[PDB]
Each structure stands twice: as C-alpha cells, then as structure tokens.
Amino acid sequence: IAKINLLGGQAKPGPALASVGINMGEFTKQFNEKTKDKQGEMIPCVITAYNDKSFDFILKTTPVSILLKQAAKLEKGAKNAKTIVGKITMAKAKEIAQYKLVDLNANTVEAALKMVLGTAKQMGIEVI
Amino acid sequence: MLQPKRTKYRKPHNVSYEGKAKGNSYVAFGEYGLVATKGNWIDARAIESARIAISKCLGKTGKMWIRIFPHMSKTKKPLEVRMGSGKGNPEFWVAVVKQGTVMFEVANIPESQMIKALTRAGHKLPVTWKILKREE
Amino acid sequence: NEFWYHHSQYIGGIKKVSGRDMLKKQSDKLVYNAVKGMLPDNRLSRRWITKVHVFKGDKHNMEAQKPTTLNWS
Amino acid sequence: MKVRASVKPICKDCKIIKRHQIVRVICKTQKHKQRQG
Amino acid sequence: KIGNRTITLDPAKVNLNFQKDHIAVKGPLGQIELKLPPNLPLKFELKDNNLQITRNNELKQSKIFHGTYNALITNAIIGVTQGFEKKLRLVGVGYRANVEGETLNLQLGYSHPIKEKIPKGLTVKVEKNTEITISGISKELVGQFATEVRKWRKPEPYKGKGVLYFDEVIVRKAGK
Amino acid sequence: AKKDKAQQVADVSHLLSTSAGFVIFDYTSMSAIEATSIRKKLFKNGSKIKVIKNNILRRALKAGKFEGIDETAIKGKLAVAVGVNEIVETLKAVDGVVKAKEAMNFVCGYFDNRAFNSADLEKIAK
RNA sequence: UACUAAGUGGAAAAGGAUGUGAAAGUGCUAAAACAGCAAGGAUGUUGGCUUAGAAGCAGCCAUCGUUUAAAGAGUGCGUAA
RNA sequence: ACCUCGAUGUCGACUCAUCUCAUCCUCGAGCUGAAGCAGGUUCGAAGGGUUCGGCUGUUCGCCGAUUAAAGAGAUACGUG
C-alpha cells in the first residue's frame, strides 16, 4: 500500500493520500488533529484503505536521518556519510530510539538504538 | 611511437631469431603480463595500439609498463618497384621478438580485468594473447 | 550435405537437386552416374554403364533372360 | 538478420544457443538477437 | 533433471505404451504420439499410477532427449486427460477477434480482415474482441496454429498492435 | 549438511524435551511484517521465530519424546516459532501473529507441558 | 573401441559458444539439496541532491541496521514518486 | 621477365550476353532508437530485368531528361 510522509500541517506531497478513498480535507483535518502534538515535525505514517475511511491509518514515528538532526542539535541536510552532521547527544539519541521503537520491528531499546545508528549513517554520523 | 634515439646500424637485416627463452622472462614490475605466441619481427604500431586498448579498458587505475623496444629496422615494400638496388626503404622500426619475452605488464586492477585487458590487446594484435604471472 | 550438382554444355540452368527432390522426378540416373563415376573414358564406358540396369522396383524387364535371384551383387 | 564472428550476452537476458550449427545470442527483447558466433 | 519425475498415470482411460521408436498415450481426449528417435535414450516403464523413465545411457543427445521426453510425457498425459489451453492477445484500437464455427477472424491494421482455420480438437473461443482462447489436446498443434498466425505481422513494440503470445515481450523507444 | 542434520536434530530434541511446553506453529509464506509483529510482542521472552528444515525438526521431535512424526513434517514452507522460556508471553505473540496471518494453524505443541489443541491452547494462549 | 550430427577428414585465422565423449576436485543429498514449484521479498524506507507527483532504482549517493533462516535505500521489473 | 617476342591482336564502343551473388529492384521476413501511411540494416535470391542523348571521340566521366529496378566483377582490364 502507498507509503507517504506528511508534515504537521500541509499534506501536499503525493496524490497517494487521495488513493485511500476519501475527500482530501475530511481526512486532512483528522490527520492534523491526531498529529497536533507532533506539529512542525514531519511524520511518515502508513495509510490503510477503507470504503468511507472513517479511521484507518497508522502513526509511524518521525523518520530518523532527518530526525537525527534533532538529536544532533541542528537542521543541516546531507546525502553522504563523508560530510558530518554535527554531533549527536546520547540522551536525545535514546529518546529517538524509544520513540522510534514502535516504528521499528523490535520492542527493545537496544535494537532501536542500533537501527537508529544504522539509518543515521546516511547523513554522516553514527549514534554515540 | 617507440622511436629509438639511434640504432647500432642504420638498416639491420631482417635478422633470424633463435631461442625460446631470451629477454623479459617474467613481469619485472607488474602483476600480470601479456606474452605473444608469435616470435617474429614486430613493429611499435601494434604495440602502441595494444597499450592504448589496455588503458581504454582499464582507464587509469591500472598501471601499464612496456619492457621491449623496436631496436632494429625493418622494411615494407610498396608496388611498382623492381627487386634489388640494395635493401628496400626502412619503413619502420622493428623488434626481433623471440618466444618467451614479456613486452606488456599490467597491474593495479582486478585479475579478471587484467586478463580481459590482455585479451583486448591480443585482439588489437596479430598475435594470440598469453597470460603470465610474476616470478621474482 | 550431399545434394546433386550438374552443369552440361548448357548454361543458365545449373541443376542443383536436393535428396528429397530427386525422389520426385528421377532416380535411375542417380545410380547410373554413380557407377559411371568409376568408369574411365574409353570406347565401352557408356557401353559398360548400360549393363547397370537401374530400377526403382523389385522386378525388371529381363526376367525372361533367366535372372539369378540373389542379393548384394 | 545480422552477421558477426562472436556472440556474447548483450541485454539483461540474452541467452546463448546453437541454432543450425550457428552460435547465436537471442534476447527476450527482440533487439539483441545476433548471429554467427 | 526432469527426466526422472513421478508423472501420475490416469486410470480413467489414459494408458501409455512405449514402442521401440514411439510412445502412444491414450486417454479421453484422443491420443498423443511422442515420436522417439531410432535409438532409445530412455528406459521406458509405467508403474501403477506413476512413471519415472530414467536414462539408460549417457551421451550428448541421450540425456537431452531423456529430459525432453519426460517433459513431453508429462504434457501428453495431462493434455490427454484434460487438454491444454493457449491464449492470443489481439491488442489494438481497431484490432478485433471473433470466431464463427471453427474459424477465427482477425481485424488487424488492415481494413480488409483476415480469417484462418484451426485444426480440429483445438476449439477456439472469444470472450473479448482482443482475446482468443484456444483449448485443445496437444500443445504442439495449438502452438503450430499460433506460429502460423503470428509470423505474418508482429505487434508494434511501442504500444501493442498485434497478436501477443503472453510469453513474448516488446521494447518501447522514441516516437509517439 | 548431514553433520548439520545430526547437530540440529540433537539440539531441537533437547529443547523440545526440556521445554516440552512449546508451540511449533507454522505459517506457509512466513512473512517479514508478521515476524516483526510477533517478535515485537515476544521481546522480553526467550522465544524466537525461524523457518526450519522439516527433516531435522521431524526427526528431532521423533527423538524429542513428543507425539508426532508427520505432524512436525512436510507442509509447504515450514516455519517455526518455538515456545522457549515462559511460553505464556510466547503464546500471546503466537496468537497475535495468527491474527496477523490470513490463515495460521496450530501445528503442534503443549502449553506448560499439558496437551492443548486449537480449541484449548488458544483458550489460555489468549 | 569411440567421436560426430558438421561430412569435420575433404578450408581456416584474430576470437566466441556449458558442443560433446572422456579426464579431473567439489558441497548438498535417498531425513528429497540447489534453480520452476510455498514463498517473505518487510521496517527506519519519504533518508537525502528533492520533486504538489524522483520519497526505494529518469540518475545519484551513505545501500547500512533492525524481525530473522532471510529481505539488497532494493538485484532488477515497474508507479509521475 | 615466367607457358608466350623463329609473336600470345590490343583501348573503347555496338551486338551477344552468360555466369558467382559481397543485391539495385521484384519476391520474404527479421532486427528496427520502425508513430502510422512507407520503410533504414541484414541476409536468402541469379531467376529475370536492371536509361536515352548533346559534350572529352565513345557506354562510362559534365549536363538535360527517365522506372520497382537503370547492379559488386570476369569472359586476353570480354568481344574485333
């Protein structure tokens, strides 16, 4: 099923949202309401289809390697491991891991931290 | 091309070659080497063609060393010329390659790519490629 | 492999016949020429070759001549 | 169709066969179908 | 190697007799003939509701015939007990297929449609004007029909205009 | 391998004998998201999930002093989620992945070393 | 005695092709292994150079970790993604 | 510097054309970066056909004018 990444407000990216079978505004308001606590931070949720689409969806935690910058205390973007994206702190790394834990396949904090370290390597830093 | 600064003689004959092991037995400085299965009077045009083919298929990450040189001089004879009047025009420089000479050595690229480069050079050559390893 | 190729003094109709095409029109000249290929050019060459009566059937017109019924001659 | 002296895999799926004593490379895509290998 | 594979034998009417140069497979749908070469590259036996014909010799073509003939035994048994089925995709805006009696008519890029007869045993049906479904007995005859249809005009490689096998592909490039 | 066969048979026999309270639940088409879900719930438990060789598993359970030589044998792609450590949370995860499965069946196993089929295992495994 | 499916012998060469018989080591394996066959082919996967729609492959990069026997920013095919 | 000078008549043309097909066409399809109406390549194909004139004298070489086609060469660089 279609995989999308929305922001706290606008749901412009991709017509994949329109493929779930509902009017855009009627579900955009629901997404804004359920993602209100996460406003301003992009969240890559997963869509699930329904006939009327009253409520069928799953909140997938904000994506690491763009969430990594939050722990690294900046917002610099990168595509290569060669360039270094600041420095990541341990406390917010653990916060990211346990917050990404539900997003991860595992339910252990150590595996969450390991996955975060693996995916954060894209921007140029591992969890430390 | 491989132009010598001078030569021991202006027009050395098409001298006969004897010997199955003389000159560049193995690759002195490379890892793999091309051996020609035709011991004869060879020219530097095909040598440079093989070298440029090897560089083309290797780029520049692999290193190439030549180890022989067209010392003597050999002639090719055009038309409408009666035989005689001395030796013909020395059309090209020539190396009298006996069997068992390493002229081309390639290195610094994977072994399969080196073998492919030697095959390429052999296809740009009248001779058949042979793969040789280092013995130092 | 073995087609049959012929060119007489005539030109423009060089005869090339496949094995299956030979069975459609003529078969006596096949063995006729095969046997005459082992006959030197002499007075009785084309007279020797007529003794090789080539037939496509088990019978022959010379049964009144007391033929010797045998095989592989 | 074509004429060469050696046949090698050209496309992603270019199978090498021996058709009428002639070694050929034929691809599922009709483009890469040579002869005389 | 398919050469040894437990092909099931159907007791309704399917029975297999292996001659020194041929195999006959009889069943509800006529009978299928596997024309063996003069030599025997397989050992031919039929167990109770089973068949595993091994190779009695190993050679260049001996094993190849062994595999191909085990595969054809499988195909023959299943197509004589139930029959096979090929599909032709006559794809095009103005390309239309239809069946009258046992004759298939096709409307290709020509304004004058073409018609062709189908060998008996192979029955042809049209569910959509762009679809032809030929359910027969042996795959050899249905494939013969298919190849005698295709080789005249193949489909366009840009957008499908012709007869597709459904086991053949085309490549798109420049040009609209 | 043959040595691999023997070693795996031995180890699985020991694990099914000591921990006779197990569940060798099998899903043909064992999936990745389903393994994800079951091990998410399973974590905090010693159990794992795997797709194992049917021959080694069947011979081991034959030698594991447990009922079954064909009940732990050929059925499509044989997956296993053995019940190890506490089989309570393990069976909670097995039930969760059965719910995540289109059609998952109780292949074999006992809860707390007591006979428990689909009608009785899931009564306590819920 | 083979070898052939070319009539090679009775045309080859630069070179190519699982050509074959034979030779030579090879793990699985008769608890059915490998490739068709049941297959998962996921997660961070929307990660970025970034585009209402390149975000998982017009193209590129870190292509690594996590569930695990196993899943590659996907090998590829393919969606405007 | 050879079979050929005690000779072996050749340039070109007209006519006769034939042949091998490394094809121009026809016939046939593939491949097609072939959008179709037409087809670029490739081979099979000798089976047939495969321009007239003014001008260097002449087919040919310039120019004008033709069809689907106005062939890659030999026949003592065909012919006497």
# chains A, B, ... in the order shown; residues from 1 in each chain; ligands from 1
$ closest_atom_pairs --of "chain C" --to "chain H" --cutoff "10 Å" --atoms "only C-alpha atoms (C1' of nucleotides)" --output "Markdown table"
| residue | atom | partner | partner_atom | distance |
| --- | --- | --- | --- | --- |
| C:11 | CA | H:18 | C1' | 7.3 |
| C:12 | CA | H:18 | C1' | 7.1 |
| C:13 | CA | H:47 | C1' | 9.4 |
$ interface_residues --of "chain E" --to "chain H" --cutoff "8 Å" --atoms "only C-alpha atoms (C1' of nucleotides)" --output "ChimeraX atom specification"
/E:173-176
$ select_by_dssp --residues "chain A" --states "strand (DSSP E)" --output "PyMOL selection string"
chain A and resi 46-47+57-58
$ write_last_selection --atoms "N, CA and C atoms" --output "compact mmCIF listing (two decimals), in the first residue's frame"
# COMPACT_ATOMS: atom_id res chain seq x y z
N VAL A 46 1.71 5.38 7.76
CA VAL A 46 1.30 4.43 6.73
C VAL A 46 -0.22 4.46 6.58
N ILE A 47 -0.68 4.49 5.33
CA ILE A 47 -2.10 4.57 5.01
C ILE A 47 -2.67 3.16 4.90
N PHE A 57 -5.56 3.88 9.49
CA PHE A 57 -4.29 4.57 9.33
C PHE A 57 -3.38 4.09 10.44
N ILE A 58 -2.08 4.34 10.30
CA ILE A 58 -1.17 4.03 11.40
C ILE A 58 -0.05 5.06 11.49
$ atom_distance --atom1 "atom CA of residue 79 of chain A" --atom2 "atom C1' of residue 57 of chain G"
16.3 Å
$ residues_around --residues "residue 34 of chain A" --least-positions-apart "2" --cutoff "12 Å" --atoms "only C-alpha atoms (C1' of nucleotides)" --output "list in words"
residues 8, 9, 27, 28, 29, 30, 31, 32, 36, 37, 38, 39, 43, 45, 55, 57, 58 and 59 of chain A
$ interface_residues --of "chain G" --to "chain A" --cutoff "6 Å" --atoms "only C-alpha atoms (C1' of nucleotides)" --output "JSON, numbers by chain"
{"G": [43, 46, 47, 48, 52, 53, 61, 62, 64, 65, 66, 67]}
$ atom_distance --atom1 "atom CA of residue 44 of chain C" --atom2 "atom CA of residue 9 of chain C"
22.3 Å
$ residues_around --residues "residue 11 of chain D" --least-positions-apart "3" --cutoff "8 Å" --atoms "only C-alpha atoms (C1' of nucleotides)" --output "MDAnalysis selection string"
chainID D and resid 14 27 32
$ write_last_selection --atoms "N, CA, C and O atoms" --output "compact mmCIF listing (two decimals), in the first residue's frame"
# COMPACT_ATOMS: atom_id res chain seq x y z
N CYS D 14 20.02 -12.41 -22.30
CA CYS D 14 20.45 -12.70 -23.66
C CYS D 14 21.05 -14.11 -23.67
O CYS D 14 22.25 -14.29 -23.45
N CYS D 27 17.81 -12.50 -27.20
CA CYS D 27 17.24 -11.91 -26.00
C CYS D 27 15.72 -12.00 -26.05
O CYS D 27 15.11 -12.06 -27.12
N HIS D 32 18.22 -7.67 -29.21
CA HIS D 32 19.54 -8.28 -29.06
C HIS D 32 19.53 -9.75 -29.51
O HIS D 32 19.61 -10.68 -28.72
$ interface_residues --of "chain F" --to "chain G" --cutoff "7 Å" --atoms "only C-alpha atoms (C1' of nucleotides)" --output "CSV table (one decimal) with N, CA and C atoms, in the first residue's frame"
chain,number,residue,atom,x,y,z
F,1,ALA,N,23.6,-29.8,6.0
F,1,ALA,CA,24.6,-30.8,5.9
F,1,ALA,C,24.2,-32.0,6.8
F,28,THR,N,2.9,-21.2,6.3
F,28,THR,CA,3.4,-21.2,4.9
F,28,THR,C,3.4,-19.7,4.5
F,29,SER,N,4.4,-19.3,3.6
F,29,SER,CA,4.5,-17.9,3.3
F,29,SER,C,4.9,-17.1,4.5
F,30,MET,N,5.7,-17.6,5.4
F,30,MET,CA,6.2,-16.9,6.6
F,30,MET,C,6.6,-15.5,6.2
F,31,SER,N,6.0,-14.5,6.8
F,31,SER,CA,6.2,-13.1,6.3
F,31,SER,C,7.2,-12.3,7.1
F,32,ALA,N,7.6,-11.2,6.6
F,32,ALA,CA,8.6,-10.3,7.4
F,32,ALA,C,7.8,-9.4,8.4
F,33,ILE,N,6.7,-8.8,7.9
F,33,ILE,CA,6.0,-7.9,8.9
F,33,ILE,C,5.4,-8.7,10.0
F,35,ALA,N,6.7,-11.6,11.3
F,35,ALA,CA,7.8,-11.9,12.2
F,35,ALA,C,8.1,-10.6,13.0
F,36,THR,N,8.1,-9.5,12.4
F,36,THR,CA,8.2,-8.2,13.0
F,36,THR,C,7.2,-8.1,14.2
F,39,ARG,N,7.8,-10.9,17.1
F,39,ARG,CA,9.0,-10.7,17.9
F,39,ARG,C,8.9,-9.4,18.7
F,50,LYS,N,11.6,-18.7,13.2
F,50,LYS,CA,12.5,-19.1,12.2
F,50,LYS,C,11.8,-20.0,11.2
F,51,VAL,N,12.3,-20.2,10.0
F,51,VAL,CA,11.9,-21.2,9.1
F,51,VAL,C,12.9,-22.3,9.1
F,52,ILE,N,12.5,-23.5,9.5
F,52,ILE,CA,13.5,-24.6,9.8
F,52,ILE,C,13.3,-25.7,8.8
F,55,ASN,N,13.0,-32.0,7.8
F,55,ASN,CA,13.5,-33.3,8.2
F,55,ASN,C,14.2,-33.3,9.5
F,56,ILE,N,15.0,-32.3,9.8
F,56,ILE,CA,15.7,-32.2,11.1
F,56,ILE,C,14.7,-32.0,12.2
F,76,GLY,N,4.2,-27.4,3.0
F,76,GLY,CA,4.6,-26.2,2.4
F,76,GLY,C,5.9,-25.6,2.9
F,77,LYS,N,6.0,-24.3,3.1
F,77,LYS,CA,7.2,-23.7,3.7
F,77,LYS,C,7.0,-23.8,5.2
$ closest_atom_pairs --of "chain D" --to "chain G" --cutoff "8 Å" --atoms "only C-alpha atoms (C1' of nucleotides)" --output "tab-separated table"
residue	atom	partner	partner_atom	distance
D:5	CA	G:16	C1'	7.1
D:6	CA	G:16	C1'	4.2
D:7	CA	G:16	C1'	6.0
D:8	CA	G:16	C1'	7.5
D:16	CA	G:17	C1'	7.3
D:17	CA	G:17	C1'	7.8
D:18	CA	G:17	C1'	7.7
D:21	CA	G:6	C1'	7.4
D:23	CA	G:17	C1'	6.0
D:37	CA	G:16	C1'	5.7
$ write_last_selection --atoms "N, CA and C atoms" --output "CSV table (one decimal), in the first residue's frame"
chain,number,residue,atom,x,y,z
D,5,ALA,N,31.1,-12.5,-35.6
D,5,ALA,CA,32.0,-13.7,-35.5
D,5,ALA,C,32.1,-14.2,-34.1
D,6,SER,N,31.4,-13.5,-33.1
D,6,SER,CA,31.3,-14.0,-31.8
D,6,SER,C,30.1,-13.4,-31.1
D,7,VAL,N,29.4,-14.2,-30.3
D,7,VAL,CA,28.2,-13.8,-29.7
D,7,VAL,C,28.3,-13.8,-28.2
D,8,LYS,N,27.9,-12.8,-27.5
D,8,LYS,CA,28.0,-12.6,-26.0
D,8,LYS,C,26.7,-12.1,-25.5
D,16,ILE,N,22.4,-17.8,-24.8
D,16,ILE,CA,23.3,-18.2,-25.9
D,16,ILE,C,22.9,-19.6,-26.3
D,17,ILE,N,22.6,-19.8,-27.6
D,17,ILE,CA,22.1,-21.0,-28.2
D,17,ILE,C,23.0,-21.4,-29.4
D,18,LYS,N,22.8,-22.6,-29.9
D,18,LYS,CA,23.5,-23.2,-31.0
D,18,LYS,C,22.4,-23.6,-32.0
D,21,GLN,N,23.9,-25.1,-36.3
D,21,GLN,CA,25.4,-25.1,-36.2
D,21,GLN,C,25.9,-23.7,-36.0
D,23,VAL,N,26.3,-20.4,-33.6
D,23,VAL,CA,26.2,-20.0,-32.3
D,23,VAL,C,25.6,-18.6,-32.3
D,37,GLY,N,28.2,-16.7,-34.3
D,37,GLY,CA,29.1,-16.6,-33.1
D,37,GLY,C,30.1,-17.7,-33.1
$ closest_residue --among "G:80, G:35, G:54, G:11" --to "chain E" --atoms "only C-alpha atoms (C1' of nucleotides)"
G:35
$ residues_around --residues "residue 63 of chain H" --least-positions-apart "3" --cutoff "12 Å" --atoms "only C-alpha atoms (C1' of nucleotides)" --output "number ranges by chain"
H: 53-55
$ write_last_selection --atoms "N, CA, C and O atoms (P, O5', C5', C4', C3', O3' and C1' of nucleotides)" --output "PDB file, in the first residue's frame"
ATOM      1  P     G H  53      21.009   6.667 -77.857  1.00  0.00           P
ATOM      2  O5'   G H  53      21.170   8.103 -78.526  1.00  0.00           O
ATOM      3  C5'   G H  53      22.152   9.015 -78.064  1.00  0.00           C
ATOM      4  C4'   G H  53      21.559  10.373 -77.785  1.00  0.00           C
ATOM      5  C3'   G H  53      22.558  11.508 -77.635  1.00  0.00           C
ATOM      6  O3'   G H  53      23.014  12.018 -78.874  1.00  0.00           O
ATOM      7  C1'   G H  53      21.063  11.574 -75.829  1.00  0.00           C
ATOM      8  P     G H  54      24.592  12.113 -79.163  1.00  0.00           P
ATOM      9  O5'   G H  54      24.922  13.658 -78.974  1.00  0.00           O
ATOM     10  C5'   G H  54      24.122  14.661 -79.581  1.00  0.00           C
ATOM     11  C4'   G H  54      24.316  15.990 -78.900  1.00  0.00           C
ATOM     12  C3'   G H  54      25.746  16.299 -78.483  1.00  0.00           C
ATOM     13  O3'   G H  54      26.547  16.802 -79.537  1.00  0.00           O
ATOM     14  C1'   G H  54      24.342  16.636 -76.642  1.00  0.00           C
ATOM     15  P     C H  55      27.952  16.097 -79.871  1.00  0.00           P
ATOM     16  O5'   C H  55      28.881  16.496 -78.640  1.00  0.00           O
ATOM     17  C5'   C H  55      29.193  17.856 -78.387  1.00  0.00           C
ATOM     18  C4'   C H  55      29.825  18.049 -77.032  1.00  0.00           C
ATOM     19  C3'   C H  55      31.078  17.238 -76.745  1.00  0.00           C
ATOM     20  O3'   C H  55      32.253  17.717 -77.372  1.00  0.00           O
ATOM     21  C1'   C H  55      29.642  17.081 -74.902  1.00  0.00           C
TER      22        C H  55
END
$ residues_around --residues "residue 49 of chain B" --least-positions-apart "2" --cutoff "10 Å" --atoms "only C-alpha atoms (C1' of nucleotides)" --output "ChimeraX atom specification"
/B:1,44-47,51-55,121-122,124-125
$ interface_residues --of "chain E" --to "chain G" --cutoff "10 Å" --atoms "only C-alpha atoms (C1' of nucleotides)" --output "list in words"
residues 58, 59, 60 and 61 of chain E
$ select_by_dssp --residues "chain F" --states "helix (DSSP H, G or I)" --output "PyMOL selection string"
chain F and resi 2-18+32-42+54-63+87-100+118-125
$ residues_around --residues "residue 75 of chain H" --least-positions-apart "2" --cutoff "12 Å" --atoms "only C-alpha atoms (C1' of nucleotides)" --output "ChimeraX atom specification"
/H:17-19,73,77-79
$ atom_distance --atom1 "atom CA of residue 5 of chain F" --atom2 "atom CA of residue 4 of chain E"
25.9 Å
